[PDB]
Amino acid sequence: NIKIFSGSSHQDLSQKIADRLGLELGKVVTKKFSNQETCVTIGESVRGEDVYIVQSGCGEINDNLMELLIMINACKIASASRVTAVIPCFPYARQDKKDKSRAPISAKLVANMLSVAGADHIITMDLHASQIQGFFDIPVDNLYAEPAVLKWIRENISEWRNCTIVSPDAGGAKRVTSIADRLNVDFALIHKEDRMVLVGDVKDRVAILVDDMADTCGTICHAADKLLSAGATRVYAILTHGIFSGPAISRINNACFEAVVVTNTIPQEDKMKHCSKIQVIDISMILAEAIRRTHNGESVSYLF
């Protein structure tokens, strides 16, 4: 009944999921033509099957998005009973408002695209905005790394009981204040005027920077600077989604980060070799369980 398919060569996360469910990933022929067009074809009958497509990681987002849409379609016109897009890291999630410009609302495009391509359900993790669930008309199950982060903090930061959870920017206030609350410790916040202002006490205490995403690590590196200048004992950076493109990896080592935690919503094995302070939290049991429960009609809200 249930059938798990993967996206790009990124096959690690989808393989870890298929394991926890006692399945083999479905057979698919997936490639690019010489002239850049994505070519996919399902290697088995999916008729009347509850079908999961776990988004791929070969960096190239437009390539990954299209191959996702093509698989979702492939499956829909081949009479799969239901198709869930499993997108730990929601593409274009940061382009969710105009922001006073004549810019597009790209997350609403992507959302539309996933739906018209035929997705019946979405399973994602830590949406850059909670209102992105409102971009769809189909059910979205938005998972949190929150508990997996807390566990780690407690289990890895000796002084956590008197640490400060700091946000990279002004928009992150809500996310850090919740983590500050569950732990019962101080929060603070940074804001690029440039010059970086910090509000809240971080003197003589551990300072964990929490952000949902890192991309160039420009803001997150600087943030760590400023946190030293304001006399934080040590500075950690916890990012649910670790994208680390461009100069990121070298900017990280170069910074004072005691460590930089990520989830494996994005493949990290390559960047680890080039960065020793990186550590991963496995999110495959969280996605596997959300798949098993989405299938069975059992609750998912627990995992939250």
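The numbering used is simple: start at 1 and walk along the sequence shown.
Counting the deposited residues that fall between residue 193 and residue 194 and carry no coordinates gives a value of 4 to 9. As the entry records it, the average C-alpha temperature factor is higher for 27-35, out of 27-35 and 57-65. Of the two segments examined, 115-123 and 92-100, it is 92-100 that shows the higher average Cα temperature factor in the deposited entry. Among the modelled residues of its chain, residue 215 has a C-alpha B-factor that falls in the highest third according to the deposited record. Ranked by Cα temperature factor within the chain, residue 155 sits in the highest third according to the deposited record. For residue 268, the recorded CA temperature factor ranks within the highest third of the chain's modelled residues. For residue 41, the recorded CA B-factor ranks within the middle third of the chain. Only modelled residues enter the ranking. Sort the chain's modelled residues by C-alpha temperature factor and residue 280 lands in the highest third, per the entry.
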